[PDB]
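This document starts with one chain, in the form deposited in one PDB entry, laid out as structure tokens.
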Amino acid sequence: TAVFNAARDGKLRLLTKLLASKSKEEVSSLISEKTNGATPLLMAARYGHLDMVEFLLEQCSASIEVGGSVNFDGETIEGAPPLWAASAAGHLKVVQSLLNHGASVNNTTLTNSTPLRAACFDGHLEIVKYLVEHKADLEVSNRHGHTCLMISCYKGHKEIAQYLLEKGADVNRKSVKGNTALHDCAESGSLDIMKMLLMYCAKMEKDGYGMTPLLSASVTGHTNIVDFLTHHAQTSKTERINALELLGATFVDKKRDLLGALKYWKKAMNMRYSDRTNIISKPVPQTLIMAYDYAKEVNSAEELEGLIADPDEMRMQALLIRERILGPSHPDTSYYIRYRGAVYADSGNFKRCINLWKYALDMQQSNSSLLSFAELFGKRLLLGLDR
């Protein structure tokens, strides 16, 4: 009835007032009642009321595996059992108690997120170890194929990632979109974790977008990952050049730092022309692009030194570089075409703005729906990066 708000907030004396003036068998169905999606035990465990939890189990352990709505960071998560909620929130003693009463360490939310995964999200090292020691399966992933190892590297949790690897987590797992734990390290800039995965011979692979961890780091702008990986023997000379040219474009468009962009473009131009036996010349696109003002990529160290006095030329180089390396189906390509058009509109160049926006629209229509104009004006559950 209202004994659901009782367990939700922890007052055990309020609850037991009704549990004495109750039935030895219909106290059962009062606690097994979904009040706004959640059982009373689900909310006692969500909010860490250890004594509320052990009293409710000693009455009736029927709701121990039933999941419902629970709230985290404002948003509501569905089908979450009590052990899961206790581990997302960090209540270790609750977790230890639910297991003592035979809760299933493997029962998941409807995204197929295990108790282990939720504990690794928020960094609860001491819950993670207890779950693993109570036979949690390290390799159960969510419905996108994202693992506990991937999420703990994406979040930067070095100690947790280290423990999972010591317990035998497969370092080369791939999600359904081809993401490996080395990609998550590249996206979060966790160089120290990336080095630790390489101690287990983690293989660098292209994901669905065709991104290696190196290219993923040049996209998100993590220069520590790019500097490390472009001196790693598992990346070829051509992949280094492209990663540095892509990183420069990211400097232009995301970091708004044209001096750092040139530093990376010069580094790349030198490697192209370092070995005079074998020139590595820029590929040639099928046609010149009106939205790019018909620019073409610089092809020599000399065309590079004039660019710093030409911010507009650098912005077109960045777009050429990004369309060449990432291609038309990568969301950042049309995103930064639109952003560059937006900057031109804000400076009065409505024709350049419109031609850029026309092109970005023709691009995505001849081939990530949270990057429309309407949605940018009005997020990670779409990518499977959620709890």
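Heads up, when I say rigid core I mean the largest set of C-alphas that superpose within 1.5 Å between the two forms. A residue's number is simply how far along the shown sequence it sits, counting from 1.
A second form of this protein, the form deposited in another entry, is not displayed here; the remarks below concern that form.
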Core-aligned C-alpha movement of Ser69 between the shown form and the other one reaching 2 Å: no
Residue shift check between the shown form and the other one, rigid core fit, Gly327 Cα at least 2 Å: no
Core-superposed C-alpha of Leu50 shifting 2 Å or more between the shown form and the other one: no
